[PDB]
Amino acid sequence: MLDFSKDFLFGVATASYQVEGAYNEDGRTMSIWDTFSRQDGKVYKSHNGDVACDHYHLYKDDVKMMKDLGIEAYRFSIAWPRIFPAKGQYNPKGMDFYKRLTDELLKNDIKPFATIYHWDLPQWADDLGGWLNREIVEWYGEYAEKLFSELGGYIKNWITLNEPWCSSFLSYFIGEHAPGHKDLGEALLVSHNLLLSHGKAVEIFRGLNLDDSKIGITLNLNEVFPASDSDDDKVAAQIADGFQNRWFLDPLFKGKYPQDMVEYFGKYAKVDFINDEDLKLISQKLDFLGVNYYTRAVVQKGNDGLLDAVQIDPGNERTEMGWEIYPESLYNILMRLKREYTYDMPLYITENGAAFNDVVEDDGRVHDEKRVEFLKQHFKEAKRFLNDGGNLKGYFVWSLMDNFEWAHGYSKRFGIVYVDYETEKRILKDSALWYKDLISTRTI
């Protein structure tokens, strides 16, 4: 009688640096993204998150907005530089914000899902080497343990890391994200130290044995298609799939990095950080996997260089990111996990959404028909996965509100709510009204 059971979680998602603002208030010190956004050329028009959506001050209005939409769960991240603004220096004023935020959520019948690390590493940690320094495993563990102990009565659903592919390859090899290095060997070591840090938090979590509490990780996953049936394009797709997906799925769920990628990367950089003890910590059993899904890739062999597959445009509709709208890959990825990696383990879609050219019309509305249709198509694939026996427990739309989209600044709008940054006014887009109906009727 319901396409989505009463227990299924309809959610929305944000991240601390993208929405909070108050970047210099109540003891917060700089993150690597405060620093990166002030470096010339790194972020669109030198945008930064000084103010962002001002959610730090407006959170009660924002929670009331979610309650009026019927939101059942809220995924947010916790800012390490508010909690430990200096090495070993706990900031109770920072913790107090997340207590009042999550108290507000619970009292409005919204389940909190907390991401421990969503890219806002404290500058003091980066100045000590950051994710390249294996000591970060202990700093991150201390941070995670403090969150579990102070917030365990408030939060029962924990995500260690958001999108470690971005924190490693996009931040240290491609250089689009903070701290902006361009060195394959560095990105590979960072990927390992991120996974090891995840493992340390899971070890700490299990030792605490918090009542009715669950822990997972969030991975951005795609599906890779070869442009043709040629052997050249088949190898290109295998490499692209190993680079985005298997480099993280295999150590987490198989306890081994993908050997084809170890050998491939080993032609270009050191891969000597791999060892049995570390992979045992990395692959500890999780309670759930969070999947961030946006698009697929169609790839053709390049010129035998490092990770140089040519991106093919198959001619279909795209978002303002240039990302193909291809909802079938949401189902294909969830099924792949069910058949190859996670089996019967609970899955959540921890992000899915789209950037379009949103305008407030003279009627004061945002008629984002393309986002309505985008979300409709993807929720229909989530329903199809459920009806084929998939263990999907919830779905978080990225994002609750328009926000600071990293190197794009405020120029890309992902919200189901529009933000007028001059006034910080929130305007429900038509997609928010559609989602409110989906939650109320549980029908699609």
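In case it trips you up, residue 1 is the first one in the sequence shown, and so on.
Mean C-alpha B-factor is higher over 304-312 than over the other stretch, the pair under comparison being 304-312 and 110-118.
As recorded in the PDB entry, 147-155 is the stretch of 182-190 and 147-155 with the greater mean C-alpha temperature factor. For the set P85, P346, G353, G364, the PDB entry puts the maximum C-alpha B factor at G364. Based on the entry's C-alpha B-factors, the most elevated value among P81, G216, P164, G266 belongs to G266. Annotation for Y257: C-alpha temperature factor in the highest third relative to the rest of the modelled chain, per the entry. Ranked against the other modelled residues of its chain, the C-alpha B-factor of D40 as given in the entry falls in the highest third. Ranked against the other modelled residues of its chain, the C-alpha B-factor of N275 as given in the entry falls in the highest third.
Compared with the other modelled residues of the chain, the Cα B-factor recorded for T160 ranks in the lowest third.
When the modelled residues of the chain are ordered by C-alpha B-factor, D34 sits in the middle third.
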